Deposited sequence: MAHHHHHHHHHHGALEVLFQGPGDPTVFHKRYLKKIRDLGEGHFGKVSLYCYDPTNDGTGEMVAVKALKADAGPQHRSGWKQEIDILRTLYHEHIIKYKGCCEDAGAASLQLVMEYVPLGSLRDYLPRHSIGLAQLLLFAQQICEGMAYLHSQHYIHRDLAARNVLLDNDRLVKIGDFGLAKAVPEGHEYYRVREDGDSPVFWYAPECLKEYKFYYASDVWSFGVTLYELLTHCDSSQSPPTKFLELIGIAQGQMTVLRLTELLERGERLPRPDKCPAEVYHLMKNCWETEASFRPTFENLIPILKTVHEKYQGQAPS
């Protein structure tokens, strides 16, 4: 739609980076603040084409706004950044954390109804607009679920967010809509630990696995997940919220709530704490 011209984009700062992509804050000055995502200098390029196409077709209050092209991806600038960056610095209350959790489920329910799985649902991908507004802000691993199949066939990459993954992704390389609920449960844990690094999923799971394990991190991970071991209950996380988390972490994908199931549950649980 909108065609931003590169010569008018004024770099302000970096907002994020991955092994294949970078997001920068720009000032579009043809005489507005934009987040522009660029792929680094064919498989990652084809995946990049699908990424832009995926966000082009998404419109939801809890999904970062697609703003047009420049290929570079121009998106709205979400002012307070990732909850991963925000949370260790702002002691947000339980009620607001649960509102964020609900807002994530809404955007996820919407994403899922569009037949897309996210595959990278983490606090680093949840952007804070204001103290009462959150948006899923990155779709780098988002894929369409093929029409005659209930999941997408992943394939291992060294950069897979394995500490946010259900055993089916790690073992069978099958990503279901239910696999994003697992990730959501991990994002909910992150939010309740205030994104504290010493409490993070890679820190906590590597403490459980150990680091002398050769090529066997994923395998030791899958087997502890299969033994029913899980991330611990965050300090000051209510018993009920912890049980909802564990329910998101059922080993059986079908036993997990869907995002639709989570919306009324979170709505009720937020209303309770907001009082």
- Unmodelled intervals of the deposited chain, in order: 1 to 24, 56 to 60, 71 to 73, 103 to 109, 315 to 318
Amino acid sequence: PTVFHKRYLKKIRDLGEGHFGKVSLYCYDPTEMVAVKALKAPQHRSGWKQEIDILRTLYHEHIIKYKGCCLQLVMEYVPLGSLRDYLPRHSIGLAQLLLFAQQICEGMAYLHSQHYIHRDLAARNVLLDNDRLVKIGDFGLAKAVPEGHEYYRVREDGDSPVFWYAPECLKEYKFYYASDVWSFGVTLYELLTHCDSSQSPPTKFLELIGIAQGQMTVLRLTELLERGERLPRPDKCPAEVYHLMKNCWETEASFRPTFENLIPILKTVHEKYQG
From here on, numbers count along this sequence of modelled residues.
- Message: When the Cα temperature factors in the entry are averaged, is it 19 to 27 or 252 to 260 that ends up higher?
- Response: 19 to 27
- Is the mean CA B factor in the deposited entry higher across 154 to 162 or across 167 to 175? 154 to 162
- Note on the structure: From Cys69, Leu208, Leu244, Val218, the top C-alpha temperature factor is at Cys69
- Message: Taking only the Cα B-factors deposited for this chain, tell me whether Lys37 sits in the lowest, middle or highest third.
- Response: lowest
- Note on the structure: Of the three thirds of the chain ranked by Cα temperature factor, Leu128 occupies the middle
- Note on the structure: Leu111: CA temperature factor from the record, placed by chain third, in the middle
- Task: Among all modelled residues of this chain, ranked by Cα B factor, put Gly148 in the bottom, middle or top third, i.e. lowest, middle or highest.
- Result: highest
- Please rank the C-alpha B-factors of the chain's modelled residues and tell me whether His90 sits in the lowest, middle or highest third. highest
